[PDB]
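**Q** my_file_15.cif (mmCIF, C-alpha atoms) pasted underneath:
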```cif
data_run
#
loop_
_atom_site.label_atom_id
_atom_site.label_comp_id
_atom_site.auth_asym_id
_atom_site.auth_seq_id
_atom_site.Cartn_x
_atom_site.Cartn_y
_atom_site.Cartn_z
CA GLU X 2 28.27 57.97 69.04
CA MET X 3 27.83 61.29 70.92
CA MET X 4 24.87 62.42 68.75
CA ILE X 5 23.05 59.04 69.19
CA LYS X 6 23.53 58.37 72.92
CA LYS X 7 22.49 61.98 73.66
CA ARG X 8 19.36 61.22 71.60
CA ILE X 9 18.76 57.97 73.62
CA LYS X 10 18.98 59.78 76.96
CA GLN X 11 16.35 62.21 75.58
CA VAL X 12 13.79 59.49 74.53
CA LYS X 13 14.04 57.73 77.94
CA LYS X 14 12.98 61.01 79.62
CA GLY X 15 9.95 61.57 77.22
CA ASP X 16 11.32 63.20 74.02
CA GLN X 17 9.66 61.12 71.27
CA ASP X 18 10.97 63.66 68.70
CA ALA X 19 14.53 62.52 69.54
CA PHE X 20 13.62 58.96 68.47
CA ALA X 21 12.61 60.09 64.95
CA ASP X 22 16.21 61.40 64.66
CA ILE X 23 17.38 57.84 65.55
CA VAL X 24 14.97 56.32 62.99
CA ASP X 25 16.10 58.75 60.27
CA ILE X 26 19.77 57.79 60.90
CA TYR X 27 19.31 54.00 60.65
CA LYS X 28 16.15 53.51 58.52
CA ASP X 29 18.02 52.89 55.23
CA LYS X 30 20.44 50.38 56.62
CA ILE X 31 17.82 48.57 58.73
CA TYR X 32 15.35 48.46 55.82
CA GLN X 33 18.30 47.38 53.60
CA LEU X 34 19.15 44.51 55.90
CA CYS X 35 15.50 43.36 56.03
CA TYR X 36 14.94 43.72 52.28
CA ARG X 37 18.15 41.86 51.24
CA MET X 38 17.23 39.12 53.79
CA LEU X 39 13.55 38.76 52.64
CA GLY X 40 13.55 39.94 48.98
CA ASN X 41 10.10 41.45 49.46
CA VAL X 42 9.11 45.12 49.80
CA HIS X 43 5.99 44.62 51.92
CA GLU X 44 7.62 42.15 54.36
CA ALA X 45 10.86 44.18 54.69
CA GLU X 46 8.98 47.40 55.44
CA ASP X 47 6.74 45.69 58.02
CA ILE X 48 9.74 44.00 59.74
CA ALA X 49 11.96 47.13 59.61
CA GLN X 50 9.30 49.19 61.39
CA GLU X 51 8.70 46.43 63.91
CA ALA X 52 12.47 46.63 64.64
CA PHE X 53 12.32 50.34 65.50
CA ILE X 54 9.01 50.05 67.42
CA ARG X 55 10.52 47.25 69.47
CA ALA X 56 13.70 49.29 69.91
CA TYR X 57 11.61 52.17 71.36
CA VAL X 58 9.44 49.98 73.64
CA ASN X 59 12.57 48.19 75.06
CA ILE X 60 14.77 51.33 75.32
CA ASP X 61 14.92 51.42 79.17
CA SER X 62 16.49 47.88 79.02
CA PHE X 63 19.35 49.01 76.68
CA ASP X 64 22.74 49.48 78.39
CA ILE X 65 24.26 52.85 77.32
CA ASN X 66 27.66 51.20 78.07
CA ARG X 67 27.20 49.29 74.78
CA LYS X 68 26.88 50.25 71.11
CA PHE X 69 23.29 51.14 70.13
CA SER X 70 23.59 50.05 66.47
CA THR X 71 24.62 46.53 67.52
CA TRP X 72 21.51 46.37 69.71
CA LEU X 73 19.20 47.65 66.96
CA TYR X 74 20.83 45.44 64.30
CA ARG X 75 20.21 42.46 66.66
CA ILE X 76 16.44 43.20 66.94
CA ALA X 77 16.07 43.56 63.14
CA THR X 78 18.22 40.48 62.54
CA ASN X 79 16.10 38.36 64.93
CA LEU X 80 12.87 39.62 63.42
CA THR X 81 14.04 38.78 59.88
CA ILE X 82 15.42 35.28 60.70
CA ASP X 83 12.12 34.70 62.49
CA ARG X 84 10.05 35.52 59.36
CA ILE X 85 12.29 33.41 56.99
CA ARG X 86 11.77 30.37 59.25
CA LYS X 87 7.97 30.72 59.81
CA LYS X 88 7.69 31.36 56.01
CA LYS X 89 8.80 27.76 55.42
CA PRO X 90 5.33 26.08 54.85
CA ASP X 91 5.88 23.30 57.44
CA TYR X 92 7.39 25.40 60.27
CA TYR X 93 4.48 24.89 62.67
CA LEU X 94 4.48 21.04 62.41
CA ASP X 95 7.38 20.89 64.98
CA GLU X 125 17.52 43.38 36.31
CA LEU X 126 20.95 43.05 37.93
CA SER X 127 20.28 43.85 41.61
CA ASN X 128 16.98 41.99 41.30
CA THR X 129 18.81 38.93 39.86
CA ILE X 130 21.43 38.88 42.68
CA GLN X 131 18.60 39.25 45.19
CA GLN X 132 17.06 35.95 43.98
CA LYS X 133 20.43 34.25 44.44
CA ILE X 134 20.85 35.71 47.95
CA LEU X 135 17.53 34.00 48.91
CA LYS X 136 18.86 30.57 47.90
CA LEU X 137 21.46 30.85 50.71
CA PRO X 138 20.53 29.26 54.08
CA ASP X 139 19.70 32.10 56.53
CA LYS X 140 22.81 31.56 58.72
CA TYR X 141 25.06 32.29 55.69
CA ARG X 142 22.63 34.83 54.20
CA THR X 143 22.83 36.93 57.37
CA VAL X 144 26.65 37.10 57.50
CA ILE X 145 26.92 37.81 53.74
CA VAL X 146 24.46 40.71 53.94
CA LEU X 147 26.05 42.28 57.03
CA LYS X 148 29.58 41.87 55.67
CA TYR X 149 29.20 42.74 51.99
CA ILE X 150 26.00 44.83 51.63
CA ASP X 151 26.11 46.58 55.03
CA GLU X 152 29.94 46.80 55.47
CA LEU X 153 30.06 45.69 59.19
CA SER X 154 33.17 44.27 60.94
CA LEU X 155 33.58 40.62 61.96
CA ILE X 156 33.61 41.86 65.57
CA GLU X 157 30.23 43.71 65.31
CA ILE X 158 28.63 40.81 63.43
CA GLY X 159 29.76 38.53 66.28
CA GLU X 160 28.17 40.80 68.86
CA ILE X 161 25.06 41.22 66.67
CA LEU X 162 24.56 37.46 66.27
CA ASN X 163 25.95 36.67 69.78
CA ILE X 164 28.73 34.32 68.59
CA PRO X 165 32.56 34.45 68.75
CA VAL X 166 34.51 35.92 65.80
CA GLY X 167 35.76 32.42 64.87
CA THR X 168 32.23 31.15 64.21
CA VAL X 169 31.42 34.23 62.07
CA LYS X 170 34.45 33.53 59.87
CA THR X 171 33.27 29.95 59.27
CA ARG X 172 29.80 31.07 58.14
CA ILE X 173 31.30 33.82 55.93
CA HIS X 174 33.56 31.18 54.31
CA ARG X 175 30.58 28.84 53.75
CA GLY X 176 28.42 31.80 52.61
CA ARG X 177 31.09 32.97 50.17
CA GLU X 178 31.19 29.43 48.76
CA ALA X 179 27.40 29.05 48.29
CA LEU X 180 27.37 32.61 46.87
CA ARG X 181 30.09 31.78 44.30
CA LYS X 182 27.94 28.81 43.08
CA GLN X 183 24.95 31.19 42.46
CA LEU X 184 26.74 34.19 40.95
CA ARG X 185 29.73 33.04 38.90
CA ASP X 186 27.76 32.84 35.61
CA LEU X 187 25.98 36.23 35.80
CA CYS A 3 42.06 22.66 43.53
CA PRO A 4 43.13 21.36 46.97
CA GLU A 5 41.15 22.56 50.02
CA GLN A 6 44.31 23.69 51.91
CA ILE A 7 44.92 26.64 49.49
CA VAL A 8 41.18 27.48 49.31
CA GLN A 9 41.45 28.18 53.07
CA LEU A 10 44.22 30.67 52.17
CA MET A 11 41.86 32.28 49.60
CA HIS A 12 39.35 32.91 52.40
CA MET A 13 42.13 34.18 54.69
CA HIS A 14 43.09 36.78 52.03
CA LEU A 15 39.47 37.91 51.69
CA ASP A 16 39.11 38.15 55.50
CA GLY A 17 42.17 40.46 55.46
CA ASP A 18 44.18 38.45 57.99
CA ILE A 19 46.74 36.50 55.92
CA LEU A 20 50.20 36.27 57.48
CA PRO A 21 52.88 37.79 55.14
CA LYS A 22 54.62 34.35 55.24
CA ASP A 23 51.40 32.69 53.90
CA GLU A 24 50.61 35.55 51.41
CA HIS A 25 53.48 34.46 49.07
CA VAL A 26 52.26 30.81 49.32
CA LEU A 27 48.82 31.56 47.73
CA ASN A 28 50.10 33.60 44.73
CA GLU A 29 52.20 30.62 43.62
CA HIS A 30 49.12 28.39 43.24
CA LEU A 31 47.01 30.84 41.18
CA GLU A 32 49.37 31.50 38.20
CA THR A 33 50.29 27.80 38.07
CA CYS A 34 47.14 25.88 39.19
CA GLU A 35 44.40 26.99 36.75
CA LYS A 36 41.77 25.18 38.86
CA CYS A 37 42.70 27.40 41.85
CA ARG A 38 42.83 30.49 39.60
CA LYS A 39 39.27 29.94 38.25
CA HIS A 40 37.99 29.25 41.81
CA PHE A 41 39.42 32.53 43.19
CA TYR A 42 38.18 34.47 40.10
CA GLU A 43 34.61 33.19 40.68
CA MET A 44 34.69 34.23 44.35
CA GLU A 45 35.95 37.77 43.69
CA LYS A 46 33.46 38.18 40.82
CA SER A 47 30.66 37.06 43.15
CA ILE A 48 31.80 39.35 45.98
CA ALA A 49 31.83 42.25 43.47
CA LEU A 50 28.25 41.58 42.28
CA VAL A 51 26.93 41.34 45.87
CA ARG A 52 28.53 44.68 46.80
CA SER A 53 26.69 46.31 43.89
CA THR A 54 23.36 45.65 45.74
CA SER A 55 24.03 48.23 48.53
CA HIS A 56 21.84 51.11 47.20
CA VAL A 57 18.59 50.60 49.06
CA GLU A 58 16.90 53.34 50.97
CA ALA A 59 13.83 53.10 53.16
CA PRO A 60 10.38 53.99 51.74
CA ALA A 61 9.40 57.64 51.46
CA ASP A 62 7.32 57.96 54.66
CA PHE A 63 9.02 55.27 56.75
CA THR A 64 9.70 57.32 59.89
CA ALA A 65 6.24 58.91 59.97
CA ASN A 66 4.82 55.38 59.81
CA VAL A 67 7.13 54.27 62.65
CA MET A 68 6.17 57.24 64.88
CA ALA A 69 2.43 56.55 64.31
CA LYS A 70 2.75 52.94 65.65
CA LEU A 71 4.42 53.71 69.04
CA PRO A 72 2.62 53.19 72.39
#
```
Output the structure of this file as structure tokens.

**A**
Amino acid sequence: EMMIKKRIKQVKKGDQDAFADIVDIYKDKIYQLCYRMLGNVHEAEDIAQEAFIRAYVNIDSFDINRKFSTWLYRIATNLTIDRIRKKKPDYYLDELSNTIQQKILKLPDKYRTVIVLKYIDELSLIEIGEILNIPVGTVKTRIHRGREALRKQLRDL
Amino acid sequence: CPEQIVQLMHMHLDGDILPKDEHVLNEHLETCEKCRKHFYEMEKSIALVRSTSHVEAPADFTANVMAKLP
């Protein structure tokens, strides 16, 4: 977008106030992604901030050729997948919305991720592919599997 | 329900069915009640998941982000 990229040029030259504009634009969606991935207010908030802080600190390595939201979504996505895995106790050895949230957590994180981006966040199969760094064909598979596991959890609500 | 028509169900939901294969799927639903219940469960689930898209960041989120920058 013209608004956003003009804001990114401004932060890279010193304007930290331009970055707050970027945070304000994406905070809801990024926090939404983290929260629907983790199911936990304190973890989602921590991870969502970490996403933006890391976005700022790595901003001179971002190609303005490419879409900024993809890049930011990818940071947040990697940070949340990271926490879900290290949450598993043995990692280091080698209401209605609320009810659907608990079901979402029972999905393996590869299908959880595509379901959240597709159905809660309304992103295209193309952008998901770029976000996760996989071809559109692979995304479709995971969506199909995710849909299936999701149907098992939700059909009786 | 056979797996071959369940693949068509997913192709409808992806929004890339061929119009030749769109008429194939409708035949199985009305007739095959096992494939009609399966598709109903998926659409019902998709509809409940979409109703969880209301979440906004915490009140002071961007102040807290600005405070943590190097």

**Q** Residues of chain A that have any atom at most 9 Å from an atom of chain X: could you tabulate them with the shortest-distance atom pair and the distance in Å to one decimal, using all atoms listed in the file, ordered by chain and increasing number, as CSV?

**A**
```
residue,atom,partner,partner_atom,distance
A:9,CA,X:174,CA,8.5
A:12,CA,X:174,CA,6.3
A:16,CA,X:170,CA,7.9
A:40,CA,X:181,CA,8.7
A:42,CA,X:185,CA,8.7
A:43,CA,X:185,CA,5.2
A:44,CA,X:181,CA,5.2
A:45,CA,X:181,CA,8.4
A:46,CA,X:185,CA,6.6
A:47,CA,X:184,CA,5.3
A:48,CA,X:149,CA,7.4
A:49,CA,X:149,CA,8.9
A:50,CA,X:130,CA,7.3
A:51,CA,X:149,CA,6.7
A:52,CA,X:150,CA,5.5
A:53,CA,X:127,CA,7.2
A:54,CA,X:127,CA,5.5
A:55,CA,X:150,CA,5.0
A:56,CA,X:33,CA,8.2
A:57,CA,X:33,CA,5.6
A:58,CA,X:29,CA,4.4
A:59,CA,X:29,CA,4.7
A:60,CA,X:46,CA,7.7
A:63,CA,X:28,CA,7.6
A:64,CA,X:24,CA,6.2
A:65,CA,X:21,CA,8.2
A:66,CA,X:50,CA,7.8
A:67,CA,X:50,CA,5.7
A:68,CA,X:21,CA,7.0
A:70,CA,X:54,CA,7.1
A:71,CA,X:54,CA,6.1
A:72,CA,X:58,CA,7.6
```

**Q** Record the distance separating atom CA of residue A:7 and atom CA of residue A:30, expressed in Å with one decimal.

**A** 7.7 Å

**Q** Could you tell me which residues the PyMOL selection byres ((chain X and resi 7) around 12) grabs in this file, written as a PyMOL selection string?

**A** chain X and resi 2-6+8-14+16+19-20+22-23+65+69

**Q** Need the axis-aligned box for stretch 28-46 of chain A with 8 Å each side, so what are the centre and edges in Å to one decimal, as AutoDock Vina command-line options?

**A**
```
--center_x 42.8 --center_y 31.7 --center_z 40.7 --size_x 34.7 --size_y 29.0 --size_z 24.0
```

**Q** Counting all atoms listed in the file, which of A:61, A:69, A:10, A:3 gets nearest to residue A:22?

**A**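 For residue A:22, the nearest of the candidates is A:10.
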
**Q** Record the distance separating atom CA of residue X:142 and atom CA of residue X:39, expressed in Å with one decimal.

**A**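 Straight-line distance from atom CA of residue X:142 to atom CA of residue X:39 works out to 10.0 Å.
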
**Q** Using only C-alpha atoms, which protein or nucleic acid residues come within 12 Å of residue A:6? Drop anything in the same chain fewer than 6 positions from it, and give the result as a list in words.

**A**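 Those residues are residues 12, 13, 23, 26, 27, 30 and 37 of chain A.
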
**Q** In Å, rounded to a single decimal, give me how far atom CA of residue X:164 is from atom CA of residue X:138.

**A** 17.4 Å
